[PDB]
Each structure stands twice: as C-alpha cells, then as structure tokens.
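> My structure is below; once you've seen it, I'll send some questions.
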Amino acid sequence: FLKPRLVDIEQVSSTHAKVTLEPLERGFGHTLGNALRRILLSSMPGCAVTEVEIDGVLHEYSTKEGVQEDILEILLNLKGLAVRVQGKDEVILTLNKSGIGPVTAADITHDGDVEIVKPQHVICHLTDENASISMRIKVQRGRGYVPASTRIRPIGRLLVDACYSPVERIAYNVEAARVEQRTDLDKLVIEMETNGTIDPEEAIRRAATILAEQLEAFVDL
Amino acid sequence: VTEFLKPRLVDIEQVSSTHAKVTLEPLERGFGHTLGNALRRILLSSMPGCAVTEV
Amino acid sequence: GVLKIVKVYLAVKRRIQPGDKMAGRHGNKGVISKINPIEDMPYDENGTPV
C-alpha cells in the first residue's frame with residue numbers, strides 16, 4: 001500500500017485553495033476524501049469573535065448614534081470577522097473609528113500577532129464626523145459552533161455567537177493519476193474553501209492528526 | 001482547541017468467534033459516522049486475505 | 001387607584017431548535033426534527049451542503 005503524500009497546495013486564492021495527494025490505493029480514495037471532509041467541516045480550530053464591548057451601548061439591541069447600522073447587526077457582521085491568531089488563545093481587539101465612512105476591518109488596532117485577513121470586511125457605516133464607534137472586541141480560539149447562551153457579565157458585554165469554523169466548503173474529487181507504471185492510483189484533490197485564517201496544508205495536517213489520534217482509540221502506536 | 005475525547009473499546013461484546021459487536025464510548029458529534037464509514041470502506045474494500053479465485 | 005406603572009420589556013433571542021414549526025409558502029408545513037451537523041448534510045459535486 002503506497003502512502004499518500006501532499007504534492008500540491010495550489011493557492012487559487014486567499015479565501016480558498018485546493019490540496020491534492022498524488023497516490024491513493026483503490027477504494028481508499030473516497031474513504032480518505034469523506035473522512036477528511038467530515039473532520040474538516042466539523043472540527044477545525046477557529047478564531048471568530050466571542051465578546052464585543054461598544055463604548056456607549058448597554059444591550060445589543062440598542063442603537064448608537066452616528067452608525068448607519070443598529071448594534072445587533074453590527075454584531076451580526078462581527079461574528080464573521082475573518083481573523084487569525086498566532087501566539088495567543090484569546091485576545092481583545094480595540095477599534096476606534098471617527099468621521100464619516102464605513103469601518104473596514106483594517107481599522108481594527110491590531111497587534112503584531114493578531115492579523116486580519118480581510119481588511120475590507122465592513123463592520124458599520126459611520127455617518128457623522130462627530131460620532132465615533134469604539135469597540136473592545138474579544139477574540140478567542142475554539143472549534144465548531146458555540147451559541148451565546150451555552151457558555152455559562154457586566155452590562156456593556158455583548159455575548160455574540162461563536163463560529164469557530166475556518167472552513168466553509170470542503171469538496172474532494174478523486175481522479176486517476178498514472179503514477180509510475182501501476183494504474184488505479186486514484187489521485188485525490190480537496191477543493192476546500194476556508195475563510196482565509198487556516199493554511200490548507202496545515203488544515204489537512206491537523207485534520208489528519210486528529211483523525212489518527214481518534215483512530216488510535218483501538219490500535220497501538 | 002485540540003482536546004478530543006477518545007474511547008477505549010468500551011464494549012466488545014462478541015457473540016461468537018465469527019461475529020462480534022464493538023461499541024465505543026461517546027465520541028464528538030460527526031465522528032461516529034466518520035469512523036464507522038471509514039472502517040466500513042476499509043473492511044469491505046481492501047485487506048490482505050486469502051480466498052478462492054478460480055477452479 | 002394606581003400610583004405609577006412600571007413597564008419592563010424583556011427581549012429574548014429565539015432561534016431554530018428541534019421543534020419550531022416552520023413552513024414554505026406552498027402549504028408545506030413542517031416541524032424541525034434535528035439540527036443536523038453541517039458535515040452530515042448531503043453535499044453536491046461542488047461541496048455546497050444543502
């Protein structure tokens with residue numbers, strides 16, 4: 001049995017990129033494909049925001065003056081803020097925008113570690129030069145989907161839903177690569193579609209790692 | 001972030017030496033199928049093993 | 001006979017759960033049965049899960 005190995009991580013874009021394995025034995029093609037797709041869509045370490053703190057807004061249903069959007073859908077925009085961390089496991093991001101103009105995600109006062117990958121992700125539209133949004137956005141790690149309620153405190157805290165799922169669309173497509181001289185070595189590709197926060201190579205690496213670790217439930221090392 | 005619950009062959013209540021029934025402890029949702037289907041494809045697809053092919 | 005009335009406005013946030021009645025427009029009334037994990041959902045060739 002020839003083992004599969006990463007051979008292409010073709011970065012068709014920053015939002016998504018296909019990862020291809022050159023060799024795979026007959027039958028193992030769809031096996032590895034479905035296993036990887038399921039384990040990627042279900043469980044991959046995300047970074048979506050978890051807690052915001054507007055400056056002068058008490059509850060998430062309030063409406064700050066100057067912002068063209070009510071606070072609730074500001075939070076709805078924020079819960080899809082494509083951000084990634086490198087050294088921390090939780091971080092609080094400060095935003096201070098002033099003057100008329102949409103608040104792109106680039107306006108976030110980022111640090112050297114926490115870096116946004118979509119600096120054009122509009123949060124809210126400021127419509128007054130004398131109005132200024134101010135957000136202390138809390139960003140954590142995690143996996144899967146975690147709602148606001150099922151996470152076990154001051155008034156200003158707005159418990160937003162969590163969406164720790166860097167991948168958005170995974171689709172494997174087995175093929176037929178004539179490796180060496182032996183036919184039936186079905187080349188496998190993974191047309192994965194992340195949100196720009198996880199390396200597709202590293203995504204496959206971690207997915208295979210967790211598959212092996214959970215498969216080690218009944219096997220020795 | 002990466003801590004995942006792992007069972008240890010919790011129930012292996014084999015009926016006869018030609019028919020067993022392995023039942024693992026709770027696994028994170030979306031993994032019971034991803035392991036059952038994977039093992040099913042491996043087992044019905046390919047293992048080393050001798051059998052008659054012609055006569 | 002009442003001095004002063006205080007009205008308080010609770011604002012819950014209800015979402016989909018296994019049992020919320022939910023229908024299309026063509027009288028196809030249904031009820032949610034299970035919040036199926038996104039991986040379990042059948043995906044087409046492009047991989048977009050229905």
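Letters A, B, ... go to the chains of the structure tokens in the order shown; residues in each chain start at 1; ligands are counted from 1 in the same order.
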Distance cut-off 8 Å, counting only C-alpha atoms - which residues of chain B neighbour chain A? Return them as number ranges by chain.

B: 1-2, 4, 6-9, 30-31, 34-35, 37-38, 41-42, 45-46

> Restricting the output to N, CA, C and O atoms, write the selected residues as an mmCIF file, in the first residue's frame.


```cif
data_model
loop_
_atom_site.group_PDB
_atom_site.id
_atom_site.type_symbol
_atom_site.label_atom_id
_atom_site.label_comp_id
_atom_site.auth_asym_id
_atom_site.auth_seq_id
_atom_site.Cartn_x
_atom_site.Cartn_y
_atom_site.Cartn_z
ATOM 1 N N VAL B 1 -8.878 23.517 22.298
ATOM 2 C CA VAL B 1 -8.585 23.803 20.899
ATOM 3 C C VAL B 1 -8.360 22.502 20.129
ATOM 4 O O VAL B 1 -8.842 22.345 19.006
ATOM 5 N N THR B 2 -7.637 21.564 20.743
ATOM 6 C CA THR B 2 -7.358 20.280 20.121
ATOM 7 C C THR B 2 -7.666 19.097 21.026
ATOM 8 O O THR B 2 -7.439 17.953 20.616
ATOM 9 N N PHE B 4 -9.697 16.262 22.333
ATOM 10 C CA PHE B 4 -10.818 15.492 21.815
ATOM 11 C C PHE B 4 -10.980 14.217 22.626
ATOM 12 O O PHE B 4 -10.004 13.497 22.861
ATOM 13 N N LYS B 6 -11.620 10.509 23.642
ATOM 14 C CA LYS B 6 -11.254 9.269 22.964
ATOM 15 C C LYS B 6 -11.753 8.081 23.774
ATOM 16 O O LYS B 6 -11.423 7.968 24.974
ATOM 17 N N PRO B 7 -12.534 7.183 23.182
ATOM 18 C CA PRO B 7 -12.971 5.977 23.892
ATOM 19 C C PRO B 7 -11.900 4.895 23.865
ATOM 20 O O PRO B 7 -10.929 4.958 23.112
ATOM 21 N N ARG B 8 -12.101 3.878 24.713
ATOM 22 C CA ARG B 8 -11.202 2.722 24.783
ATOM 23 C C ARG B 8 -12.027 1.435 24.732
ATOM 24 O O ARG B 8 -12.315 0.854 25.781
ATOM 25 N N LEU B 9 -12.365 0.993 23.516
ATOM 26 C CA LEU B 9 -13.016 -0.299 23.263
ATOM 27 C C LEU B 9 -14.009 -0.655 24.366
ATOM 28 O O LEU B 9 -13.952 -1.728 24.970
ATOM 29 N N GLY B 30 -20.378 13.955 14.734
ATOM 30 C CA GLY B 30 -19.743 13.949 13.436
ATOM 31 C C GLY B 30 -18.529 13.057 13.330
ATOM 32 O O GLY B 30 -17.863 13.065 12.288
ATOM 33 N N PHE B 31 -18.215 12.291 14.375
ATOM 34 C CA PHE B 31 -17.088 11.370 14.356
ATOM 35 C C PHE B 31 -17.490 9.908 14.410
ATOM 36 O O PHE B 31 -16.753 9.062 13.896
ATOM 37 N N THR B 34 -17.897 9.311 10.818
ATOM 38 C CA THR B 34 -16.638 9.420 10.084
ATOM 39 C C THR B 34 -15.677 8.285 10.411
ATOM 40 O O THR B 34 -14.744 8.042 9.639
ATOM 41 N N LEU B 35 -15.875 7.590 11.530
ATOM 42 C CA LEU B 35 -15.088 6.401 11.824
ATOM 43 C C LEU B 35 -15.770 5.120 11.366
ATOM 44 O O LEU B 35 -15.102 4.236 10.820
ATOM 45 N N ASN B 37 -17.979 4.736 8.849
ATOM 46 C CA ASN B 37 -17.907 4.679 7.393
ATOM 47 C C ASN B 37 -16.482 4.431 6.916
ATOM 48 O O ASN B 37 -16.267 3.683 5.956
ATOM 49 N N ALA B 38 -15.497 5.057 7.563
ATOM 50 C CA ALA B 38 -14.107 4.833 7.178
ATOM 51 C C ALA B 38 -13.723 3.370 7.352
ATOM 52 O O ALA B 38 -13.183 2.744 6.433
ATOM 53 N N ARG B 41 -15.511 1.165 4.765
ATOM 54 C CA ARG B 41 -14.878 1.198 3.454
ATOM 55 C C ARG B 41 -13.574 0.414 3.458
ATOM 56 O O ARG B 41 -13.293 -0.335 2.517
ATOM 57 N N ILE B 42 -12.779 0.544 4.525
ATOM 58 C CA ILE B 42 -11.532 -0.212 4.606
ATOM 59 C C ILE B 42 -11.815 -1.709 4.580
ATOM 60 O O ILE B 42 -11.135 -2.474 3.884
ATOM 61 N N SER B 45 -13.571 -2.988 1.397
ATOM 62 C CA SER B 45 -12.821 -2.563 0.221
ATOM 63 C C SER B 45 -11.536 -3.358 0.025
ATOM 64 O O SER B 45 -11.306 -3.896 -1.061
ATOM 65 N N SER B 46 -10.681 -3.424 1.045
ATOM 66 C CA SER B 46 -9.346 -3.987 0.847
ATOM 67 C C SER B 46 -8.715 -4.368 2.176
ATOM 68 O O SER B 46 -8.510 -3.505 3.036
#
```

> For chain C against chain B, which residues fall within 10 Å using only C-alpha atoms, given as an MDAnalysis selection string?

chainID C and resid 36:40

> Can you spit out the residues from that selection as a PDB file, in the first residue's frame, using C-alpha atoms?


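Output file part.pdb follows:
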```pdb
ATOM      1  CA  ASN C  36     -28.053  18.224  11.623  1.00  0.00           C
ATOM      2  CA  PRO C  37     -24.294  18.890  11.797  1.00  0.00           C
ATOM      3  CA  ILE C  38     -23.069  20.622   8.656  1.00  0.00           C
ATOM      4  CA  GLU C  39     -20.851  17.652   7.774  1.00  0.00           C
ATOM      5  CA  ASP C  40     -23.807  15.238   7.887  1.00  0.00           C
TER       6      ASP C  40
END
```

> Define the interface residues of chain A facing chain C as those within 12 Å, counting only C-alpha atoms, and report them as a PyMOL selection string.

chain A and resi 33-43+59-62+72+144-145+147-149+159-161+165+167-174+190-193

> Filtering to N, CA and C atoms, could you give me those residues as a CSV table (one decimal), in the first residue's frame?


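part-v3.csv, freshly written:
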```
chain,number,residue,atom,x,y,z
A,33,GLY,N,-11.2,10.8,1.3
A,33,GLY,CA,-11.9,12.0,1.0
A,33,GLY,C,-13.1,12.4,2.0
A,34,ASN,N,-13.9,11.4,2.2
A,34,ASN,CA,-15.1,11.6,3.1
A,34,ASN,C,-14.6,11.9,4.5
A,35,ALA,N,-13.6,11.1,5.0
A,35,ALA,CA,-13.0,11.3,6.3
A,35,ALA,C,-12.5,12.7,6.5
A,36,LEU,N,-11.7,13.1,5.6
A,36,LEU,CA,-11.1,14.5,5.7
A,36,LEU,C,-12.1,15.6,5.6
A,37,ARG,N,-13.1,15.4,4.6
A,37,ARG,CA,-14.1,16.5,4.5
A,37,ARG,C,-14.9,16.6,5.8
A,38,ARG,N,-15.3,15.4,6.3
A,38,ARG,CA,-16.2,15.5,7.6
A,38,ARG,C,-15.4,16.0,8.7
A,39,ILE,N,-14.1,15.6,8.9
A,39,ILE,CA,-13.3,16.0,10.0
A,39,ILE,C,-12.9,17.5,9.9
A,40,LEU,N,-12.9,18.0,8.6
A,40,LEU,CA,-12.6,19.4,8.4
A,40,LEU,C,-13.8,20.3,8.7
A,41,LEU,N,-14.9,19.9,8.1
A,41,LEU,CA,-16.1,20.7,8.3
A,41,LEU,C,-16.5,20.7,9.8
A,42,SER,N,-16.4,19.6,10.5
A,42,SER,CA,-16.9,19.5,11.9
A,42,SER,C,-15.9,20.3,12.8
A,43,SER,N,-14.6,19.9,12.8
A,43,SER,CA,-13.7,20.3,13.8
A,43,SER,C,-12.4,20.8,13.2
A,59,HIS,N,-27.1,47.2,25.9
A,59,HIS,CA,-27.6,46.0,25.4
A,59,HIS,C,-27.4,45.9,23.9
A,60,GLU,N,-27.3,44.7,23.3
A,60,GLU,CA,-27.1,44.6,21.9
A,60,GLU,C,-28.2,45.1,21.0
A,61,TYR,N,-29.4,45.3,21.6
A,61,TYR,CA,-30.5,45.9,20.8
A,61,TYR,C,-30.6,47.4,20.8
A,62,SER,N,-29.6,48.0,21.4
A,62,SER,CA,-29.6,49.5,21.4
A,62,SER,C,-29.1,50.0,20.0
A,72,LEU,N,-27.3,45.4,16.9
A,72,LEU,CA,-27.5,43.9,16.7
A,72,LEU,C,-26.8,43.4,15.4
A,144,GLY,N,-15.9,24.2,16.1
A,144,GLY,CA,-17.3,24.0,15.9
A,144,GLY,C,-18.1,25.3,16.1
A,145,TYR,N,-19.4,25.1,16.6
A,145,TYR,CA,-20.3,26.2,16.8
A,145,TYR,C,-20.7,26.3,18.2
A,147,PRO,N,-23.1,28.7,20.7
A,147,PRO,CA,-24.0,29.8,20.8
A,147,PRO,C,-23.7,30.7,22.0
A,148,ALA,N,-24.4,31.8,22.1
A,148,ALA,CA,-24.2,32.8,23.2
A,148,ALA,C,-24.6,32.2,24.6
A,149,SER,N,-25.8,31.5,24.6
A,149,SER,CA,-26.3,31.0,25.9
A,149,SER,C,-25.5,29.9,26.5
A,159,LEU,N,-22.6,39.3,24.4
A,159,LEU,CA,-22.2,38.0,24.1
A,159,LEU,C,-22.7,37.6,22.7
A,160,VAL,N,-21.8,37.7,21.8
A,160,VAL,CA,-22.1,37.3,20.4
A,160,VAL,C,-21.9,35.8,20.2
A,161,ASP,N,-22.6,35.3,19.3
A,161,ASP,CA,-22.5,33.8,18.9
A,161,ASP,C,-21.1,33.6,18.4
A,165,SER,N,-15.1,28.1,12.9
A,165,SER,CA,-15.1,27.2,11.8
A,165,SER,C,-14.4,27.9,10.6
A,167,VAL,N,-13.1,26.7,7.9
A,167,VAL,CA,-13.5,26.2,6.6
A,167,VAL,C,-15.0,26.4,6.4
A,168,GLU,N,-15.4,26.7,5.2
A,168,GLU,CA,-16.7,26.9,4.8
A,168,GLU,C,-17.3,25.9,3.8
A,169,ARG,N,-16.4,25.3,3.0
A,169,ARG,CA,-16.9,24.4,1.9
A,169,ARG,C,-15.8,23.5,1.6
A,170,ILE,N,-15.9,22.2,1.8
A,170,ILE,CA,-15.0,21.2,1.5
A,170,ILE,C,-15.6,20.2,0.5
A,171,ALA,N,-14.8,19.9,-0.6
A,171,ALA,CA,-15.3,19.0,-1.6
A,171,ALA,C,-14.1,18.3,-2.2
A,172,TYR,N,-14.0,17.0,-2.0
A,172,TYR,CA,-13.0,16.2,-2.5
A,172,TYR,C,-13.4,15.6,-3.9
A,173,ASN,N,-12.5,15.3,-4.8
A,173,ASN,CA,-12.7,14.8,-6.1
A,173,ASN,C,-11.6,13.9,-6.5
A,174,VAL,N,-11.9,12.6,-6.3
A,174,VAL,CA,-10.9,11.6,-6.7
A,174,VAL,C,-10.7,11.6,-8.2
A,190,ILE,N,-8.7,18.1,-2.8
A,190,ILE,CA,-9.5,18.6,-1.8
A,190,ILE,C,-9.8,20.1,-2.1
A,191,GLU,N,-10.9,20.4,-2.8
A,191,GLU,CA,-11.3,21.7,-3.1
A,191,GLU,C,-11.9,22.4,-1.9
A,192,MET,N,-11.1,22.6,-0.9
A,192,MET,CA,-11.5,23.2,0.4
A,192,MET,C,-11.7,24.7,0.2
A,193,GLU,N,-12.6,25.3,1.0
A,193,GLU,CA,-12.9,26.7,0.9
A,193,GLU,C,-12.9,27.2,2.4
```

> Skipping near chain neighbours, those fewer than 5 positions away, what residues fall within 7 Å of stretch 114-127 of chain A using only C-alpha atoms, listed as number ranges by chain?

A: 66-69, 74, 77-78, 82-86, 99-106, 196-197

> Just to confirm, what's the straight-line distance from atom CA of residue A:152 to atom CA of residue A:94 in Å (one decimal)?

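Calculated distance between atom CA of residue A:152 and atom CA of residue A:94 is 24.6 Å.
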
> When you draw a straight line from atom CA of residue A:150 to atom CA of residue C:32, how long is it in Å?

20.2 Å

> Need to verify the contact set: residue C:19, 7 Å, only C-alpha atoms, exclusion of same-chain residues closer than 2 positions in sequence. Can you return it as a list in words?

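With the cut-off at 7 Å, the set is residues 17, 21, 31, 32 and 33 of chain C.
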
> Between atom CA of residue A:3 and atom CA of residue A:185, what is the distance in Å, rounded to a tenth?

10.6 Å

> What parts of chain B does DSSP call alpha helix (DSSP H)? I'd like the answer as a ChimeraX atom specification.

/B:32-45

> DSSP says strand (DSSP E or B) for which residues of chain C? Put them as a list in words?

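DSSP on the backbone gives strand (DSSP E or B) at residues 21, 22, 30, 31, 43 and 49 of chain C.
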
> Generate a file of the selected residues that holds C-alpha atoms, formatted as a CSV table (one decimal), in the first residue's frame.


```csv
chain,number,residue,atom,x,y,z
C,21,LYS,CA,-42.9,24.9,13.4
C,22,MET,CA,-41.6,26.1,10.0
C,30,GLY,CA,-43.2,21.1,8.7
C,31,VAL,CA,-41.5,21.0,12.1
C,43,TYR,CA,-23.3,17.9,-0.4
C,49,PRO,CA,-24.2,21.3,1.7
```

> I'd like the neighbourhood of stretch 21-26 of chain B as a ChimeraX atom specification, where a residue qualifies if any of its atoms comes within 6 Å (using only C-alpha atoms), though same-chain residues fewer than 3 positions away should be ignored.

/B:7,9-14
